[PDB]
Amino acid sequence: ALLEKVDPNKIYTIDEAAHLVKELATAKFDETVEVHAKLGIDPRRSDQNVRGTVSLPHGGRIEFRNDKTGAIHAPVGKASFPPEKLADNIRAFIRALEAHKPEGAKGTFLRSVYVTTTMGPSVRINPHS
């Protein structure tokens, strides 16, 4: 079972997650791996809008933007990808995100970061790993 391979309370490192999202993807087609991050901003305030692009080391087409709840979502590869390639794409997105903490936001910028495939449990990850 998948549920028992993921600890909902545990925070995983970028490497661990990459190797775990492969055991969660069971579909016969190739699921997309997606990164989500709840930002330390206020959706209410407009000068706290995060919108930038980034080139994935292993891919390339990706531009992010905060949603109505101050959250950022982005695909970082396919579940078929070798684990080390997912791990690099995950870091490249974060390291890029962190450079955009708006001047008008006080507090931790990365409040929660997790990874998911098209179906299944989410994998909470330590972004500083």
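The first residue of the sequence shown is number 1, and the count goes up from there.
Taking the PDB entry as given, 62-70 carries the higher mean Cα B factor of the two stretches 62-70 and 33-41.
Higher average CA B factor: 103-111, of the stretches 103-111 and 117-125. Per the deposited record, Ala27 carries the highest C-alpha B-factor of all listed residues (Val76, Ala87, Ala27, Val54). The PDB entry assigns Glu23 a C-alpha temperature factor belonging to the highest third of its chain's modelled residues.
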